[PDB]
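Heads up: the structure comes next, in structure tokens.
What follows draws every value from the coordinates through simple rules; no lab data is involved. Counting neighbours? That spans all protein chains shown, and the Cβs are built from the backbone with ideal geometry, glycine included.
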Amino acid sequence: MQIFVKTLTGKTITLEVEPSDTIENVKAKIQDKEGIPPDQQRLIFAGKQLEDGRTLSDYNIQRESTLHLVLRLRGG
Amino acid sequence: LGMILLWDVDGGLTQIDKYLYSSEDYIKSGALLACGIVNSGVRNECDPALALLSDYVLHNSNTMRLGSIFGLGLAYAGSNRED
Amino acid sequence: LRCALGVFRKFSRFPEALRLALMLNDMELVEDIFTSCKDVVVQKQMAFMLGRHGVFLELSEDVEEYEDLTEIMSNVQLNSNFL
């Protein structure tokens, strides 16, 4: 199924996934499109933090729902 | 209900949904207009195009067409975001 | 004295030049000594006379002095919730 990954840069990313897939596989797909490693990636669904140990079905993430993308921001 | 939980980001979206689901043009578009009231001044990731844009694309009719643009212009009044 | 800059050059933001107080927003980010007056000037930059400033504090010193911006944004607003 398709989902939406909305950034805070006004940019919407679409990924073809399955409802039983883990979050880290989705972050691997984001790395496949972009080259950003998953430790630098954070995903938010309806104000809730996503953990890589669970699946999309565990958070009831379904076809073409909207995610949020915030990046790891460390300085110095 | 948006005045009741004001200046909030923690639980404002959660209180709307227990009275949102009624399948009404008047109850939802007042409750989803109240969602822009709760995050007014937070301007974090609540719905830049998430909830009230999903409200607005329902439109062929009354306040679904109307009561969705008032909340975002209220919540993002302090913004200057062009998108 | 340099701490009455942001609130009293909101006086000077609109009539003279919008960039002029933004060059004074630069003058905020110049006098970086150290945190105390630094904290209080930018308290007002969020929900006291304007917002639209939360893109100018993600510079190369994101530790605490340029991680004030998130605390400027919603954590002191959460302290205004803690009111």
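Looking only at the stretch B:1-33, how many residues end up being within 14 Å of chain C (Cβ to nearest Cβ) and among the small types (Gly, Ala, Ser)?
2
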(message) Just checking, does the stretch C:67-83 include any residue being surrounded by 13 or more Cβ atoms within 10 Å (Cβ to Cβ), out of contact with any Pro (no Cβ under 8 Å at 6 or more places or on another chain), farther than 23 Å from B:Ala75 by Cα and within 14 Å of chain A (Cβ to nearest Cβ)?
(response) yes
(message) I need the full set of residues from the stretch A:55-73 which are farther than 30 Å from C:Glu58 by Cβ and either touching a helix residue (DSSP H, G or I) at 6+ places or on another chain (Cβ under 7 Å) or of a type in the set (A, V, I, L, M, F, W, C) (or both), in order please.
(response) A:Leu56
(message) If the requirement is being in contact with a strand residue (DSSP E or B) (Cβ under 6 Å, 6 or more places away or on another chain), surrounded by fewer than 22 Cβ atoms within 10 Å (Cβ to Cβ) and among the aliphatic types (A, V, I, L, M), which of these qualifies: B:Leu20, B:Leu50?
(response) B:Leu50
(request) Select from the stretch C:38-48 the residues that are part of a loop (DSSP other than H, G, I, E, B) and either surrounded by 14 or more Cβ atoms within 10 Å (Cβ to Cβ) or touching a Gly at 6+ places or on another chain (Cβ under 8 Å) (or both) and list them in ascending order. (result) C:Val42, C:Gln43
(request) Given the conditions (1) loosely packed, with under 14 Cβ neighbours inside 10 Å; (2) in a helix (DSSP H, G or I); (3) within 14 Å of chain C (Cβ to nearest Cβ), report the number of the one that B:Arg81 does not fulfil. (result) (2)
(request) Go through the residues of the stretch B:26-35 one by one and say whether even a single one is part of a loop (DSSP other than H, G, I, E, B), of a type in the set (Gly, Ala, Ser) and either out of contact with any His (no Cβ under 6 Å at 6 or more places or on another chain) or closer than 26 Å to C:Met49 by Cβ (or both). (result) no
(request) Within the stretch C:60-76, work out how many residues are without any contact (Cβ under 8 Å) to a residue 12 or more places away in the chain and among the hydrophobic types (A, V, I, L, M, F, W, C). (result) 1
(request) Looking only at the stretch B:54-74, count how many residues are in contact (Cβ under 8 Å) with a residue 12 or more places away in the chain and within 22 Å of A:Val5 (Cα to Cα). (result) 3
(request) Hey, could you check the stretch B:36-55 for residues that are assigned to a helix (DSSP H, G or I) and within 14 Å of another protein chain (Cβ to nearest Cβ) and say which is nearest to C:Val76 (Cα to Cα)? (result) B:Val38
(request) Would you please list the contacts, defined by Cβ atoms under 8 Å and residues six or more apart or on different chains, that run from a residue in the stretch A:8-19 that is at the interface with chain B (Cβ under 10 Å from one of its Cβ atoms) to a residue that is in a loop (DSSP other than H, G, I, E, B) and exposed (fewer than 13 other Cβ atoms within 10 Å of the Cβ)? (result) A:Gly10/B:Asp83
